[PDB]
């Protein structure tokens, strides 16, 4: 859905395995948090610019065993994974910084030189 939702520890474990050879960005989110509404929109734009990268969301309160493992006490928290290892983290709704970390970890050539903007 641009940003697929992971609904259980089992699905998360499988996802990490499936996506081992590429970058995976996980937005730990809450459906009541305006921070996360802002950042889901950012994640959807990233997802279009970087189809090599997997962008998913996981409801922190809905999968609490995963949240506890990864020390998720607030949302948004973004975790970055390659080969089932956490390689980076961002706490809070900081759009430019999310994008900077994604660009740092994404492969060279993963994006075109420009992105279309909506000017209204």
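Numbering follows the first chain given and starts at 1.
In the PDB record, does 47 to 55 or 79 to 87 carry the higher mean Cα temperature factor? It is 79 to 87 that shows the higher mean C-alpha B-factor.
Which of the two stretches, 7 to 15 or 108 to 116, shows the higher mean Cα temperature factor in the record? For C-alpha atoms only, the mean B-factor is higher in 7 to 15.
Of the choices 61, 71, 41, 65, which one's C-alpha carries the largest B-factor in the record? Of 61, 71, 41, 65, 65 has the highest C-alpha B-factor.
Compared with the other modelled residues in the chain, in which third is the CA B-factor of residue 23? As the PDB entry reports it, the C-alpha B-factor of residue 23 lands in the middle third of its chain.
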